[PDB]
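data-v1.pdb (PDB, C-alpha atoms)
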ATOM      1  CA  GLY A   1       0.000   0.000   0.000  1.00  0.00           C
ATOM      2  CA  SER A   2       2.620   2.470   1.108  1.00  0.00           C
ATOM      3  CA  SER A   3       5.825   1.297  -0.503  1.00  0.00           C
ATOM      4  CA  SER A   4       4.464  -1.502  -2.557  1.00  0.00           C
ATOM      5  CA  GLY A   5       7.150  -3.736  -3.935  1.00  0.00           C
ATOM      6  CA  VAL A   6       8.147  -6.629  -1.916  1.00  0.00           C
ATOM      7  CA  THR A   7       9.520  -9.798  -3.303  1.00  0.00           C
ATOM      8  CA  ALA A   8       8.640 -13.464  -2.613  1.00  0.00           C
ATOM      9  CA  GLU A   9      12.010 -14.103  -1.015  1.00  0.00           C
ATOM     10  CA  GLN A  10      11.280 -11.358   1.471  1.00  0.00           C
ATOM     11  CA  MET A  11       7.934 -12.860   2.196  1.00  0.00           C
ATOM     12  CA  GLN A  12       9.927 -15.815   3.426  1.00  0.00           C
ATOM     13  CA  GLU A  13      12.840 -14.074   5.206  1.00  0.00           C
ATOM     14  CA  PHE A  14      10.970 -11.194   6.729  1.00  0.00           C
ATOM     15  CA  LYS A  15       8.496 -13.796   7.808  1.00  0.00           C
ATOM     16  CA  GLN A  16      11.354 -15.572   9.583  1.00  0.00           C
ATOM     17  CA  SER A  17      12.426 -12.222  10.992  1.00  0.00           C
ATOM     18  CA  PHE A  18       9.060 -11.784  12.735  1.00  0.00           C
ATOM     19  CA  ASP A  19       8.505 -15.565  13.380  1.00  0.00           C
ATOM     20  CA  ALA A  20      11.642 -15.712  15.480  1.00  0.00           C
ATOM     21  CA  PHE A  21       9.767 -13.552  17.971  1.00  0.00           C
ATOM     22  CA  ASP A  22       6.109 -13.876  17.027  1.00  0.00           C
ATOM     23  CA  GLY A  23       4.545 -17.226  17.508  1.00  0.00           C
ATOM     24  CA  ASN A  24       1.329 -16.423  15.641  1.00  0.00           C
ATOM     25  CA  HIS A  25       3.359 -16.564  12.379  1.00  0.00           C
ATOM     26  CA  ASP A  26       0.252 -15.136  10.566  1.00  0.00           C
ATOM     27  CA  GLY A  27       2.176 -12.758   8.392  1.00  0.00           C
ATOM     28  CA  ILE A  28       1.579  -9.975  10.774  1.00  0.00           C
ATOM     29  CA  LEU A  29       3.171  -9.272  14.152  1.00  0.00           C
ATOM     30  CA  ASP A  30       1.770  -7.758  17.416  1.00  0.00           C
ATOM     31  CA  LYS A  31       3.226  -4.634  19.165  1.00  0.00           C
ATOM     32  CA  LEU A  32       4.640  -6.600  22.114  1.00  0.00           C
ATOM     33  CA  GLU A  33       6.757  -9.023  20.187  1.00  0.00           C
ATOM     34  CA  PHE A  34       7.708  -6.542  17.485  1.00  0.00           C
ATOM     35  CA  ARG A  35       9.007  -4.547  20.411  1.00  0.00           C
ATOM     36  CA  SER A  36      11.115  -7.557  21.415  1.00  0.00           C
ATOM     37  CA  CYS A  37      12.290  -7.845  17.827  1.00  0.00           C
ATOM     38  CA  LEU A  38      13.479  -4.221  17.720  1.00  0.00           C
ATOM     39  CA  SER A  39      14.965  -4.574  21.169  1.00  0.00           C
ATOM     40  CA  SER A  40      16.921  -7.725  20.328  1.00  0.00           C
ATOM     41  CA  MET A  41      17.935  -6.054  17.056  1.00  0.00           C
ATOM     42  CA  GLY A  42      19.570  -3.328  19.144  1.00  0.00           C
ATOM     43  CA  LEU A  43      17.132  -0.611  18.220  1.00  0.00           C
ATOM     44  CA  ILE A  44      14.614   0.194  20.910  1.00  0.00           C
ATOM     45  CA  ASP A  45      14.088   0.007  24.636  1.00  0.00           C
ATOM     46  CA  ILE A  46      12.511   2.251  27.264  1.00  0.00           C
ATOM     47  CA  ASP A  47      15.109   4.994  27.212  1.00  0.00           C
ATOM     48  CA  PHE A  48      12.731   7.568  28.550  1.00  0.00           C
ATOM     49  CA  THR A  49      11.740   5.992  31.803  1.00  0.00           C
ATOM     50  CA  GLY A  50       8.206   7.143  32.312  1.00  0.00           C
ATOM     51  CA  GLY A  51       6.527   6.607  29.016  1.00  0.00           C
ATOM     52  CA  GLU A  52       4.973   3.203  28.549  1.00  0.00           C
ATOM     53  CA  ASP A  53       7.166   1.815  25.699  1.00  0.00           C
ATOM     54  CA  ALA A  54       6.809   5.308  24.103  1.00  0.00           C
ATOM     55  CA  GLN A  55      10.070   4.936  22.123  1.00  0.00           C
ATOM     56  CA  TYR A  56       8.426   2.198  20.120  1.00  0.00           C
ATOM     57  CA  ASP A  57       5.147   4.091  19.943  1.00  0.00           C
ATOM     58  CA  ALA A  58       6.868   7.004  18.232  1.00  0.00           C
ATOM     59  CA  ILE A  59       7.995   4.522  15.553  1.00  0.00           C
ATOM     60  CA  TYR A  60       4.714   2.554  15.614  1.00  0.00           C
ATOM     61  CA  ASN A  61       3.110   5.881  14.872  1.00  0.00           C
ATOM     62  CA  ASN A  62       4.999   5.786  11.559  1.00  0.00           C
ATOM     63  CA  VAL A  63       4.483   2.102  10.720  1.00  0.00           C
ATOM     64  CA  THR A  64       0.718   2.075  11.371  1.00  0.00           C
ATOM     65  CA  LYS A  65      -1.434   4.500   9.416  1.00  0.00           C
ATOM     66  CA  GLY A  66      -4.834   3.424  10.612  1.00  0.00           C
ATOM     67  CA  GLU A  67      -4.122  -0.154  11.494  1.00  0.00           C
ATOM     68  CA  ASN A  68      -3.122  -1.958  14.631  1.00  0.00           C
ATOM     69  CA  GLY A  69      -0.047  -4.057  14.479  1.00  0.00           C
ATOM     70  CA  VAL A  70       2.618  -4.617  11.982  1.00  0.00           C
ATOM     71  CA  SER A  71       1.013  -6.324   9.113  1.00  0.00           C
ATOM     72  CA  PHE A  72       2.023  -7.067   5.466  1.00  0.00           C
ATOM     73  CA  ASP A  73       2.162  -3.367   4.494  1.00  0.00           C
ATOM     74  CA  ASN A  74       3.159  -1.981   7.842  1.00  0.00           C
ATOM     75  CA  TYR A  75       5.946  -4.339   8.765  1.00  0.00           C
ATOM     76  CA  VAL A  76       7.450  -4.554   5.332  1.00  0.00           C
ATOM     77  CA  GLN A  77       7.345  -0.785   4.970  1.00  0.00           C
ATOM     78  CA  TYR A  78       9.337  -0.431   8.199  1.00  0.00           C
ATOM     79  CA  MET A  79      11.856  -3.051   7.218  1.00  0.00           C
ATOM     80  CA  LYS A  80      12.158  -2.202   3.544  1.00  0.00           C
ATOM     81  CA  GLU A  81      12.410   1.529   4.350  1.00  0.00           C
ATOM     82  CA  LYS A  82      15.361   0.696   6.499  1.00  0.00           C
ATOM     83  CA  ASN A  83      16.725  -1.442   3.631  1.00  0.00           C
ATOM     84  CA  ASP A  84      15.909   1.141   0.813  1.00  0.00           C
ATOM     85  CA  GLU A  85      18.160   3.601   2.663  1.00  0.00           C
ATOM     86  CA  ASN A  86      21.089   1.443   1.537  1.00  0.00           C
ATOM     87  CA  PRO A  87      21.448   1.683  -2.295  1.00  0.00           C
ATOM     88  CA  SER A  88      22.255  -1.216  -4.519  1.00  0.00           C
ATOM     89  CA  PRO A  89      24.147  -1.098  -7.908  1.00  0.00           C
ATOM     90  CA  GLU A  90      20.660  -0.500  -9.472  1.00  0.00           C
ATOM     91  CA  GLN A  91      21.591   2.953 -10.729  1.00  0.00           C
ATOM     92  CA  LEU A  92      24.473   1.445 -12.716  1.00  0.00           C
ATOM     93  CA  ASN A  93      21.857  -0.129 -14.992  1.00  0.00           C
ATOM     94  CA  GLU A  94      20.807   3.349 -15.974  1.00  0.00           C
ATOM     95  CA  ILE A  95      24.426   4.324 -16.410  1.00  0.00           C
ATOM     96  CA  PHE A  96      24.935   1.404 -18.795  1.00  0.00           C
ATOM     97  CA  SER A  97      22.018   2.740 -20.810  1.00  0.00           C
ATOM     98  CA  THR A  98      23.712   6.116 -20.715  1.00  0.00           C
ATOM     99  CA  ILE A  99      27.090   4.939 -22.056  1.00  0.00           C
ATOM    100  CA  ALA A 100      26.540   1.636 -23.855  1.00  0.00           C
ATOM    101  CA  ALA A 101      23.358   3.077 -25.223  1.00  0.00           C
ATOM    102  CA  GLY A 102      22.427   1.422 -28.485  1.00  0.00           C
ATOM    103  CA  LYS A 103      25.191  -1.076 -28.167  1.00  0.00           C
ATOM    104  CA  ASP A 104      25.304  -4.625 -26.840  1.00  0.00           C
ATOM    105  CA  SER A 105      28.883  -4.457 -25.842  1.00  0.00           C
ATOM    106  CA  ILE A 106      30.276  -2.158 -23.115  1.00  0.00           C
ATOM    107  CA  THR A 107      34.050  -1.815 -23.177  1.00  0.00           C
ATOM    108  CA  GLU A 108      36.766  -0.410 -20.879  1.00  0.00           C
ATOM    109  CA  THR A 109      36.443   2.790 -22.686  1.00  0.00           C
ATOM    110  CA  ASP A 110      32.717   2.771 -22.071  1.00  0.00           C
ATOM    111  CA  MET A 111      33.135   2.479 -18.312  1.00  0.00           C
ATOM    112  CA  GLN A 112      36.674   3.637 -17.192  1.00  0.00           C
ATOM    113  CA  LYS A 113      36.635   6.720 -19.330  1.00  0.00           C
ATOM    114  CA  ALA A 114      33.125   7.631 -18.058  1.00  0.00           C
ATOM    115  CA  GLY A 115      34.514   7.955 -14.532  1.00  0.00           C
ATOM    116  CA  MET A 116      33.629   4.394 -13.539  1.00  0.00           C
ATOM    117  CA  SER A 117      36.707   3.227 -11.721  1.00  0.00           C
ATOM    118  CA  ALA A 118      38.510  -0.169 -11.399  1.00  0.00           C
ATOM    119  CA  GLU A 119      36.514  -1.370  -8.388  1.00  0.00           C
ATOM    120  CA  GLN A 120      33.372  -1.002 -10.394  1.00  0.00           C
ATOM    121  CA  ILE A 121      34.906  -2.378 -13.620  1.00  0.00           C
ATOM    122  CA  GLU A 122      35.833  -5.698 -12.054  1.00  0.00           C
ATOM    123  CA  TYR A 123      32.387  -6.003 -10.475  1.00  0.00           C
ATOM    124  CA  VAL A 124      30.505  -5.174 -13.644  1.00  0.00           C
ATOM    125  CA  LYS A 125      32.545  -7.613 -15.671  1.00  0.00           C
ATOM    126  CA  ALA A 126      32.158 -10.304 -13.016  1.00  0.00           C
ATOM    127  CA  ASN A 127      28.385 -10.079 -13.161  1.00  0.00           C
ATOM    128  CA  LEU A 128      28.198  -9.241 -16.852  1.00  0.00           C
ATOM    129  CA  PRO A 129      29.833 -11.782 -19.243  1.00  0.00           C
ATOM    130  CA  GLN A 130      33.410 -10.903 -20.174  1.00  0.00           C
ATOM    131  CA  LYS A 131      33.017 -11.217 -23.875  1.00  0.00           C
ATOM    132  CA  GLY A 132      36.527 -10.098 -24.779  1.00  0.00           C
ATOM    133  CA  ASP A 133      36.470  -6.494 -23.820  1.00  0.00           C
ATOM    134  CA  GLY A 134      33.099  -5.147 -24.281  1.00  0.00           C
ATOM    135  CA  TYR A 135      31.039  -6.796 -21.688  1.00  0.00           C
ATOM    136  CA  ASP A 136      27.638  -8.134 -22.562  1.00  0.00           C
ATOM    137  CA  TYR A 137      25.346  -5.729 -20.655  1.00  0.00           C
ATOM    138  CA  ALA A 138      22.674  -7.064 -22.788  1.00  0.00           C
ATOM    139  CA  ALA A 139      23.038 -10.212 -20.642  1.00  0.00           C
ATOM    140  CA  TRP A 140      20.531  -8.528 -18.414  1.00  0.00           C
ATOM    141  CA  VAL A 141      18.257  -8.199 -21.446  1.00  0.00           C
ATOM    142  CA  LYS A 142      18.992 -11.430 -23.375  1.00  0.00           C
ATOM    143  CA  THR A 143      19.602 -13.697 -20.375  1.00  0.00           C
ATOM    144  CA  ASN A 144      22.987 -15.243 -21.149  1.00  0.00           C
TER     145      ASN A 144
END
Is it possible to express this structure as structure tokens?
Amino acid sequence: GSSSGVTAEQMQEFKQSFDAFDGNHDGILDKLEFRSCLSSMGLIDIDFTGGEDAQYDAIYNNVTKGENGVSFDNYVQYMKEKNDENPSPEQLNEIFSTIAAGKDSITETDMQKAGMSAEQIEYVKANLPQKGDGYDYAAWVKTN
């Protein structure tokens, strides 16, 4: 609903992530155990001694919109948000369509010259077939 775009793998792992704490294993988790989850994860405890679990509630406030508990949207939003904050090499796909645009083959001179340095080069050519020089970025397209 909120950030819609979860994958099937997550539906298994994130499920394990709550299941470790939550014994209802429904696909949703209650406040109490999700509290234990975030506590054992090294995130939350009752820092402000006086408010009844208020540190969680301030976060719960963000995870729940008009629901109660951390359900399929709610939970995943909280988790994925915290994952989305860490970028992947996804943007490099766009970059390949910037440089190697119209081509199948992406060479040294496609990447190195375009500011993409050695650490990237070796990664790109490890994931994308080293077809001489001029890596097959179209592996992502053709599946090869």
| query | When distances are computed from all atoms listed in the file, which of A:106, A:124, A:44, A:38 shows the smallest separation from residue A:89? | reply |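 Of the candidates, the smallest distance to residue A:89 is held by A:124.
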| query | Care to translate the PyMOL selection byres ((chain A and resi 1) around 9) into actual residues of this file, as number ranges by chain? | reply | A: 2-5, 73-74, 77
| Shortest interatomic distance to residue A:138 - which of A:101, A:58, A:63, A:41, counting all atoms listed in the file |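 Checking each of A:101, A:58, A:63, A:41 against residue A:138, counting all atoms listed in the file, the winner is A:101.
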| atom CA of residue A:81 and atom CA of residue A:50 are how many Å apart? |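 Atom-to-atom, atom CA of residue A:81 and atom CA of residue A:50 are spaced 28.8 Å apart.
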| task | Compile the contact shell of stretch 69-72 of chain A as a ChimeraX atom specification: residues with an atom at most 7 Å away, counting only C-alpha atoms, same-chain residues fewer than 3 positions apart removed. | result | /A:27-31,64,75-76
Taking all atoms of stretch 26-35 of chain A that appear in the file, build a box with edges along x, y and z, extend it by 8 Å on every side, and state its centre and edge lengths in Å to one decimal, as AutoDock Vina command-line options.
--center_x 4.6 --center_y -9.8 --center_z 15.3 --size_x 24.8 --size_y 26.6 --size_z 29.7
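Note that atom CA of residue A:8 and atom CA of residue A:43 are 25.9 Å apart.
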| request: State, in Å with one decimal place, the distance from atom CA of residue A:17 to atom CA of residue A:35. | output: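 If I compute the distance from atom CA of residue A:17 to atom CA of residue A:35, I get 12.6 Å.
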| field | Proximity to residue A:108 - best of A:42, A:51, A:66, A:132, only C-alpha atoms | value | A:132
| task | Around the point (8.0, -1.6, 26.7), in the coordinates given by the file, pick out the residues reaching within 8 Å, counting only C-alpha atoms, and return them as a list in words. | result |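 Within 8 Å of (8.0, -1.6, 26.7), the protein and nucleic acid residues are residues 32, 35, 45, 46, 52, 53, 54 and 56 of chain A.
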Please supply stretch 1-26 of chain A, rebuilt with N, CA and C atoms, as a PDB file, in the coordinates of the input.
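Contents of selection_28.pdb, freshly written:
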ATOM      1  N   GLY A   1       0.834  -1.199   0.000  1.00  0.00           N
ATOM      2  CA  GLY A   1       0.000   0.000   0.000  1.00  0.00           C
ATOM      3  C   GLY A   1       0.856   1.232   0.000  1.00  0.00           C
ATOM      4  N   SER A   2       1.715   1.351   0.997  1.00  0.00           N
ATOM      5  CA  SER A   2       2.620   2.470   1.108  1.00  0.00           C
ATOM      6  C   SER A   2       3.774   2.323   0.090  1.00  0.00           C
ATOM      7  N   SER A   3       4.791   1.580   0.436  1.00  0.00           N
ATOM      8  CA  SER A   3       5.825   1.297  -0.503  1.00  0.00           C
ATOM      9  C   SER A   3       5.598  -0.120  -0.988  1.00  0.00           C
ATOM     10  N   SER A   4       4.828  -0.229  -2.030  1.00  0.00           N
ATOM     11  CA  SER A   4       4.464  -1.502  -2.557  1.00  0.00           C
ATOM     12  C   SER A   4       5.556  -2.014  -3.482  1.00  0.00           C
ATOM     13  N   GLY A   5       6.118  -3.146  -3.135  1.00  0.00           N
ATOM     14  CA  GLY A   5       7.150  -3.736  -3.935  1.00  0.00           C
ATOM     15  C   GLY A   5       8.013  -4.602  -3.114  1.00  0.00           C
ATOM     16  N   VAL A   6       7.459  -5.676  -2.709  1.00  0.00           N
ATOM     17  CA  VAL A   6       8.147  -6.629  -1.916  1.00  0.00           C
ATOM     18  C   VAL A   6       8.332  -7.836  -2.800  1.00  0.00           C
ATOM     19  N   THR A   7       9.289  -8.640  -2.516  1.00  0.00           N
ATOM     20  CA  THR A   7       9.520  -9.798  -3.303  1.00  0.00           C
ATOM     21  C   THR A   7       9.167 -11.079  -2.495  1.00  0.00           C
ATOM     22  N   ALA A   8       9.075 -12.201  -3.194  1.00  0.00           N
ATOM     23  CA  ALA A   8       8.640 -13.464  -2.613  1.00  0.00           C
ATOM     24  C   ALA A   8       9.649 -13.967  -1.598  1.00  0.00           C
ATOM     25  N   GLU A   9      10.915 -13.754  -1.901  1.00  0.00           N
ATOM     26  CA  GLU A   9      12.010 -14.103  -1.015  1.00  0.00           C
ATOM     27  C   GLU A   9      11.831 -13.387   0.311  1.00  0.00           C
ATOM     28  N   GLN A  10      11.426 -12.108   0.253  1.00  0.00           N
ATOM     29  CA  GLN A  10      11.280 -11.358   1.471  1.00  0.00           C
ATOM     30  C   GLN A  10      10.174 -11.907   2.239  1.00  0.00           C
ATOM     31  N   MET A  11       9.086 -12.233   1.550  1.00  0.00           N
ATOM     32  CA  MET A  11       7.934 -12.860   2.196  1.00  0.00           C
ATOM     33  C   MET A  11       8.312 -14.116   2.976  1.00  0.00           C
ATOM     34  N   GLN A  12       9.464 -14.695   2.676  1.00  0.00           N
ATOM     35  CA  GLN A  12       9.927 -15.815   3.426  1.00  0.00           C
ATOM     36  C   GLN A  12      10.882 -15.350   4.541  1.00  0.00           C
ATOM     37  N   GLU A  13      11.795 -14.404   4.237  1.00  0.00           N
ATOM     38  CA  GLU A  13      12.840 -14.074   5.206  1.00  0.00           C
ATOM     39  C   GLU A  13      12.295 -13.153   6.271  1.00  0.00           C
ATOM     40  N   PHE A  14      11.546 -12.175   5.844  1.00  0.00           N
ATOM     41  CA  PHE A  14      10.970 -11.194   6.729  1.00  0.00           C
ATOM     42  C   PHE A  14       9.943 -11.881   7.627  1.00  0.00           C
ATOM     43  N   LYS A  15       9.391 -12.950   7.096  1.00  0.00           N
ATOM     44  CA  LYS A  15       8.496 -13.796   7.808  1.00  0.00           C
ATOM     45  C   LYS A  15       9.275 -14.483   8.923  1.00  0.00           C
ATOM     46  N   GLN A  16      10.482 -14.925   8.613  1.00  0.00           N
ATOM     47  CA  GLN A  16      11.354 -15.572   9.583  1.00  0.00           C
ATOM     48  C   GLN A  16      11.794 -14.550  10.628  1.00  0.00           C
ATOM     49  N   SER A  17      12.033 -13.333  10.157  1.00  0.00           N
ATOM     50  CA  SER A  17      12.426 -12.222  10.992  1.00  0.00           C
ATOM     51  C   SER A  17      11.363 -11.938  12.073  1.00  0.00           C
ATOM     52  N   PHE A  18      10.070 -11.959  11.706  1.00  0.00           N
ATOM     53  CA  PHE A  18       9.060 -11.784  12.735  1.00  0.00           C
ATOM     54  C   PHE A  18       8.812 -13.067  13.526  1.00  0.00           C
ATOM     55  N   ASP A  19       8.767 -14.198  12.820  1.00  0.00           N
ATOM     56  CA  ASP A  19       8.505 -15.565  13.380  1.00  0.00           C
ATOM     57  C   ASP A  19       9.430 -15.941  14.503  1.00  0.00           C
ATOM     58  N   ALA A  20      10.663 -15.462  14.432  1.00  0.00           N
ATOM     59  CA  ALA A  20      11.642 -15.712  15.480  1.00  0.00           C
ATOM     60  C   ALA A  20      11.126 -15.226  16.842  1.00  0.00           C
ATOM     61  N   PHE A  21      10.353 -14.165  16.798  1.00  0.00           N
ATOM     62  CA  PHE A  21       9.767 -13.552  17.971  1.00  0.00           C
ATOM     63  C   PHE A  21       8.282 -13.928  18.108  1.00  0.00           C
ATOM     64  N   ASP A  22       7.545 -13.692  17.046  1.00  0.00           N
ATOM     65  CA  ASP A  22       6.109 -13.876  17.027  1.00  0.00           C
ATOM     66  C   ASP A  22       5.743 -15.312  16.764  1.00  0.00           C
ATOM     67  N   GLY A  23       4.943 -15.856  17.640  1.00  0.00           N
ATOM     68  CA  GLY A  23       4.545 -17.226  17.508  1.00  0.00           C
ATOM     69  C   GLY A  23       3.226 -17.403  16.782  1.00  0.00           C
ATOM     70  N   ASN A  24       2.623 -16.314  16.311  1.00  0.00           N
ATOM     71  CA  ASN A  24       1.329 -16.423  15.641  1.00  0.00           C
ATOM     72  C   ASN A  24       1.578 -16.698  14.186  1.00  0.00           C
ATOM     73  N   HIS A  25       2.789 -16.298  13.731  1.00  0.00           N
ATOM     74  CA  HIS A  25       3.359 -16.564  12.379  1.00  0.00           C
ATOM     75  C   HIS A  25       2.376 -16.312  11.203  1.00  0.00           C
ATOM     76  N   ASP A  26       1.394 -15.459  11.465  1.00  0.00           N
ATOM     77  CA  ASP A  26       0.252 -15.136  10.566  1.00  0.00           C
ATOM     78  C   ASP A  26       0.668 -14.340   9.328  1.00  0.00           C
TER      79      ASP A  26
END
